[PDB]
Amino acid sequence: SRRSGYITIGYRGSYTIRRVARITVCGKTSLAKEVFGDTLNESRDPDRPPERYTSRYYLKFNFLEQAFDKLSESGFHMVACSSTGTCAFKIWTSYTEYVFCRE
C-alpha cells in the first residue's frame, strides 16, 4: 500500500481482412522501474525523477503476456482493458491498453 498505484500497458496492433512492435508503459516512473527493471527502455523519456509520471516508456521484449507476468510478480493485477479500432484501405489497426493496479 505504501507503493500502491497504476501501470498501464499499451499495444498497437493491426489486422487484415498477433504481431507486436512495441509495448508501452505509462505510470509513475519509480513503479515502472520497480516492476520492469532493466527491461524498461527509457530512451523516449530519459532521466526522470522517481515521483514523476511518464507515458513514453516501453519494453525491451515483444510478448504482451511477458509484460503481464512481470506485473504479476510485483503484485499488480489487471483491472481494466479497452481497445479502439480503425479502418484503412484492406488493413485495420487498433490500440489496446491494459490497466494494472497494485493495492
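Residue numbers run from 1 along the displayed sequence.
Missing coordinates between residue 89 and residue 90 amount to 4 to 9 residues of the deposited sequence. According to the PDB entry, the deposited sequence contains 10 or more residues between residue 17 and residue 18 that lack coordinates. Of the two segments, 47 to 55 and 66 to 74, the one listed with the higher mean B-factor is 47 to 55 (C-alpha atoms only). Relative to one another, 90 to 98 and 6 to 14 have unequal mean CA B-factors, and 90 to 98 is the one with the higher figure. When the modelled residues of the chain are ordered by their C-alpha B factor, residue 81 lands in the lowest third.
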